[PDB]
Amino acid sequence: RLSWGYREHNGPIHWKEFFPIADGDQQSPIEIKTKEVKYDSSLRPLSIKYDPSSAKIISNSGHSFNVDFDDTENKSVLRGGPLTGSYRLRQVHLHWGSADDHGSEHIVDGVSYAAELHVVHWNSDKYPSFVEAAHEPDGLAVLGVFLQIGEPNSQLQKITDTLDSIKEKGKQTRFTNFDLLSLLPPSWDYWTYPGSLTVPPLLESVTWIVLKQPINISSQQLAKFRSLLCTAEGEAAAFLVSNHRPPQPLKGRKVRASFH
């Protein structure tokens, strides 16, 4: 189905109707139970080379905002941690809920955060395209960053300044010179597990790298993402007030930690 969303009749619970992998064995997001998580000394240092001129556009997909990056070069790449080879930056988006008390996709020892930032990368060492890589178990790597309610994050301004211009699904605007690096928290300690896209088609192609340390967002900043529409110009307006999928069962998978 081309009309999945987060409303009552198209939301997460209904996605299994058209995407039965929703009930798969490597579905994301998940709950992270820290007492069960083992530190893995075989994890290499996480290496993050990001070039601000890589960013090209921001658009409203109807499901989030998407910052798209020029990904035919290795100017912005994620290496190390659990990864074999170079994963090229593709895009950035965000998940939130209708209220500040929850809205993260991953939930850590019962704790949810206000929002969760995802940085999507694809294995250009093996696959010809993001689209192809999305269908391979080792094709994608997504870095998740929790956002907790806190004093305002000046590093979100480039993004929040654009939201009016992309109110309607399908809108896009020029977006370059984007300091993605500064959106990350100081500490890059993370958990990692094999999982999926958190959005249809829910492909089980993602090495998840979920950072332990949250960054801040104010309640005022976060409210602005909720006045995005999930509807296109000329369609009955509906607001994108929540766009997060619930944690799915581990089903035997084990979460590893970069740190002890």
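What we label the rigid core is the largest C-alpha set whose atoms superpose within 1.5 Å from one form to the other. Each residue number is its position in the shown sequence, starting from 1.
With 211-219 and 39-47 as candidates, the stretch whose CA atoms show the greater average offset from this form in 8 other deposited structures of this protein after a core fit is 39-47. Comparing 12-20 with 243-251, the stretch with the higher mean C-alpha B-factor in the PDB entry is 12-20. Looking at mean Cα B-factors across 46-54 and 200-208, the upper value is held by 46-54. Highest C-alpha temperature factor among 187, 154, 86, 76 per the entry: 154. Listed residues 72, 123, 104, 148 were ranked by CA B-factor as deposited; 72 comes out on top. Ranked against the other modelled residues of its chain, the C-alpha B-factor of residue 33 as given in the entry falls in the highest third.
Per-chain ranking of the deposited C-alpha B factor places residue 82 in the middle third. In this PDB entry, residue 179 carries a Cα temperature factor that places it within the middle third of its chain's modelled residues.
In the PDB entry, residue 67 places in the lowest third of its chain by CA B-factor. In the deposited entry, the Cα temperature factor of residue 232 sits in the top third of values across the chain's modelled residues.
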